């Protein structure tokens, strides 16, 4: 929506002023403003806007005031502050050139979302549930990143670690919690929905959608119409399934050419992915997962709305 996107983006200048003491240390406060301005507001803001959409579809229609929708927008920006911190750090860790300037900037940007929460939410019933959610998601996200790191040793991928169980765990902890669960749980808490069973049923569907989302992203990295997962030796769905299907000779090709800088080695891996019928395997998985997720959304109870979860599902599958 034009109205939702514009109202959301209009909050950002306020967040910057809130976090930059708008003081005895103006030069470092001015620097932090530039850290936020470079790293937080550019690009799509899907997690932030999903927080507003979630609240709008969970809250009673009578309670949807401009004031409440703005609070949902502020929670959205706290998710985008978390996103920014993860993006700053991961790029240092993976020594990435581009995405789409100091080390402690990721700790600072992460820490800043709790100042925003304190400013706007400290007098509301949802305050402690929301801070505890952010605390738990950062802890779990770190466990995800560390599990991902345990698939690499001395710059070489550990292909024995490339199991579907470990992959599913990496996606859940590293990505799905903060990307899919966090926005919806935030929307629920702001709508004064605290029922554990409601959060649990939401979590189940969102982790399923999250897993397909990342598998699709992994697939498109190699087979989309420019991906470097193979070169970076990433624990990708393609690599995990390739090893499941591989005969000893196909396993040797992975062991020799996966996670190499030479463009020829990337091309060799893609050729093996084609030989192993990974495109067909993805098509089957996309159909099966869509039908299972559609079923689980139809089955959603505990007084949760289906349209929210269908909207999230549609955005990912694009049908």
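Numbering follows the first chain given and starts at 1.
Peer 1: Could you bin the unmodelled part of the deposited chain lying between residue 154 and residue 155 as none, 1 to 3, 4 to 9, or 10 or more?
Peer 2: Count of unmodelled residues in between: none.
Peer 1: I want to verify a possible break: how many residues of the deposited sequence sit between residue 123 and residue 124 without any coordinates (none, 1 to 3, 4 to 9, 10 or more)?
Peer 2: In the record, the chain runs straight from residue 123 to residue 124 with none unmodelled.
Peer 1: Take the C-alpha B-factors listed in the entry for 106-114 and for 194-202, compute each mean, and give the stretch with the larger one.
Peer 2: The recorded data point to 194-202.
Peer 1: Using only the Cα atoms and their B-factors as the entry lists them, report which of 66-74 and 24-32 averages higher.
Peer 2: Averaged over C-alpha atoms, the B-factors run higher in 24-32.
Peer 1: Name the residue from 144, 129, 224, 183 with the greatest C-alpha temperature factor listed in the entry.
Peer 2: Highest C-alpha B-factor among the listed options: 224.
Peer 1: Out of 207, 137, 215, 101, which residue has the highest Cα temperature factor in the PDB record?
Peer 2: In the PDB entry, the greatest C-alpha B-factor among 207, 137, 215, 101 is found at 101.
Peer 1: Relative to the other modelled residues in the chain, which third contains the C-alpha temperature factor of residue 38: lowest, middle or highest?
Peer 2: Top third by C-alpha B-factor.
Peer 1: Sorting the chain's modelled residues by C-alpha B-factor, tell me whether residue 245 ends up in the lowest, middle or highest third.
Peer 2: It falls in the top third of the chain.
Peer 1: For residue 270, return the chain-relative third of its C-alpha B-factor as stated in the PDB record: lowest, middle or highest.
Peer 2: Middle third, going by the recorded CA B-factors of the chain.
Peer 1: Hey, what third does residue 60 fall into on Cα B-factor, ranked over its chain?
Peer 2: It belongs to the highest third of the chain when residues are ordered by C-alpha B-factor.
Peer 1: Sorting by Cα B-factor within the chain, modelled residues only, which third would residue 53 end up in: lowest, middle or highest?
Peer 2: Middle third.
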